[PDB]
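Start counting the sequence shown at 2; every next residue gets the next number (full-length UniProt numbering).
Just below is one structure, and these are the notes that go with it.
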Amino acid sequence: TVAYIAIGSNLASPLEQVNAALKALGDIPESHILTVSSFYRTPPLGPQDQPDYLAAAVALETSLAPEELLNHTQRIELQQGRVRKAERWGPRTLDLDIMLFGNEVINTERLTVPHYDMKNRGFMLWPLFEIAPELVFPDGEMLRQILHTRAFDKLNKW
């Protein structure tokens, strides 16, 4: 099954982190990376100028069940990232989110696929479009059409 995973990091120097996470993803059992998008720079929300967020997309071929894949992405988040002291309730330093899992729709307590908000997020859609320009969502909506009609700003490369 082809799973599409979003990677993100709010670290000032995220490349090490992101590259280590990619290594970890490829080593998930019963799985291997097909391709990885370019790394993109996602500007912060807030006038102050937080660190730029690095965003990318990974296509992962896997024979795991979706919840088994989630076990691994959660594990990698725990092993390769952390929550920040300033906001123990806040974001993690390394994000791995399952965006799509084959052509499945999943609505369980633990997992919602497609990612509930991805169609509203240029930083998810643009990297995805780089690696899967012909992608069609389970509901029939074409990735190309969403980007073409909604006109999200392109992201600069990291």
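Every residue gets a Cβ at the ideal spot worked out from N, C-alpha and C, and that includes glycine.
Residue 52 sits close to residue 13, with the two beta carbons spaced by under 7 Å. Residue range 3-10 is occupied by the beta strand (DSSP E) that includes residue 9.
Membership of residue 74 in the alpha helix (DSSP H) is indicated by the continuous run 67-81. As the crow flies, the alpha-carbon of residue 43 is around 14 Å from that of residue 96. Judged by DSSP in its simplified three-state form, residue 149 adopts helix.
Scanning its chain for C-beta atoms nearer than 7 Å, with the 5 sequence neighbours on each side dropped, one finds around residue 84 the residues 91, 93, in chain order. Distance between residue 147 and residue 25, taken at the CA atoms: about 31 Å. Residue 46 carries a coil assignment under DSSP once its states are collapsed to helix, strand and coil. Using a Cβ-Cβ distance cut-off of 8 Å, the segment 101-119 and the segment 33-43 are not in contact, since fewer than three pairs of beta carbons, one from each stretch, lie closer than that value. Pairing residue 4 with residue 11, the inter-Cα distance amounts to about 23 Å. In this structure, residue 32 keeps its C-beta atom at 7 Å or more from the C-beta atom of residue 131.
Residue state for residue 62 is assigned as strand, using DSSP reduced to three classes. Per the DSSP secondary-structure output, residue 101 pairs in a beta bridge with 5. Nearest in C-alpha terms to residue 112, of all of 28, 127, 134, 70, is 70.
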